[PDB]
Every structure is written in structure tokens, then in C-alpha cells.
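Just the one chain here, laid out as C-alpha cells, in the form deposited in one PDB entry.
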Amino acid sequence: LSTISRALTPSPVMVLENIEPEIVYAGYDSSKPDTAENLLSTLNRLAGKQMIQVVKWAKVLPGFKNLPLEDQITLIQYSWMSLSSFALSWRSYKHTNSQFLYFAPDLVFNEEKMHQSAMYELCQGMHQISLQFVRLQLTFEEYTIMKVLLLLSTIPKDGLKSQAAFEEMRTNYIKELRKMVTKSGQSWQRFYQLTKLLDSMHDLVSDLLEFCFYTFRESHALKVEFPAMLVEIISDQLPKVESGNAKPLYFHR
């Protein structure tokens, strides 16, 4: 054990900041008409590019790499939607002050786009999270920890290969959050507000997935395109979810 090495080691929070992926661009073609077909296909394309960066992020995520390859794949598949809309809400909060849905720098949604996307209510749900970020003045530190917790929010009804190791890393990250919001009195209130917001993601993600699975099934009739990345994810996720094999983890309720 090195006295120096231990003192110079980055806190998990600092590591989260270092590994956070750079903002990804959607490659949105502004010359094409803003119809549901084009906007949804474009969002799905963006989703793909983002998931590729998410996997690289999870690969170097403290504690995550120590999980069986099998569990890592499962966790990612189960949570990809949760991480997507949560990151969406964050960028919207930071770069727009929650005035718009900042899917990407080249793709910012206003009320109009929301209507044209044919998923207006789902957009309102995600936007409502951003509004909360404003009311709470959420910090980037709290954000990164919470995003990690979401990665570990849905598991197999029966469990992962290394259930013990998983509950460990999870509990450690929860503790990391407690420490953040403490930097008590208003600390306990803060922590509960954040865990309560994390739980609320499940009903939101449930509705987002329902529409995702629907548009996936009717992809041809709707003319909605999906990148191989998402085809790969949804193909395997959809049946597990509809089979009741996905188990949501809550803090309350």
C-alpha cells in the first residue's frame, strides 16, 4: 500500500466526471420535412450513436467492469432507455435551462417538434424531469451519480449471475449520493428528493418503452427506421420485458 498512491487517487465522483462521454450529434438533416417518420427515425439514429458511447462509458465505470460480462450486458440493455431520457433531461437543463429538449446540439426540440414527433406526451414527461432539475438546482456531481444508479435500476426478476457483487456496487453508489447531498439538516430532505425522482423514472421509462416497442413492431407500416444498435437491443429486450423478466428496483413505494 502506497501512502502517495492512496492520497492521489480520484474519488469515484472525479472518475465519473473524467469518463462522462462527450455530447453526441444526431446528424439531423434540416432539409427534410419534419414529419413523425423522419423525426423518429432520426431520434433512433441518435439513440444508436449515443448507446455506443454509453457502452464505452460503462466499460470504464468503477465497479461495473468487475461484474460478469453477462450481467453488464443485461444491465445496459435493461436501462438504456432510462439513461437516455435522463441524460436528455440533463442536457436540456444545462444547455437550455429546461426551455427545450436538447436531444443533441444539432437537434433541439421545441413544442412544435414535440407535436410533429407524434410522441408529444412522452416529450412532456421527459421535459418535466428537466423542470425538476431546475427546481432542485441539480448539480453535475449528483447527476453523474444518479445516472450510475439508473444503470443499476432494473435487473432480472431472478437476478444476475453475481447478485452479491451487484448489490454491493449499488449500495456503494447510493452512499456516494448521500455524501454528495450532505456537502445535515437539509441533507436528508435532499437525498429523499433525489431517490424519489429516481423512482419516478420507472413509470416514465415504462411509457417510453411501450411506445418504443410499439413502433418497433410496426416499424414497416410506420416507416420508422432503427439502427442495428437499437435493433440489437430491442430485439432481445422486448421479449424479456413483456415476459415480466425485468424487475424494477425502487427506493420507496
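All residue numbers are counted from 1 along the displayed sequence.
Keep in mind the form deposited with a partner chain bound is missing from the figure; the text below concerns it.
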query: Residue 73 within 4.5 Å of its partner chain in the bound PDB entry, heavy atoms; finding: yes
query: In the bound PDB entry, residue 65 touching its partner chain (heavy atom, 4.5 Å); finding: yes
query: 4.5 angstroms heavy atom contact with its partner chain in the bound PDB entry for residue 229; finding: yes
query: Contact of residue 77 with its partner chain in the bound PDB entry (heavy atom, 4.5 Å); finding: yes
query: Residues 113, 119 and 122 all lining its partner chain in the bound PDB entry, heavy atom within 4.5 Å; finding: no
query: 59, 223, 217, 32 - the one with a heavy atom within 4.5 Å of its partner chain in the bound PDB entry; finding: 59
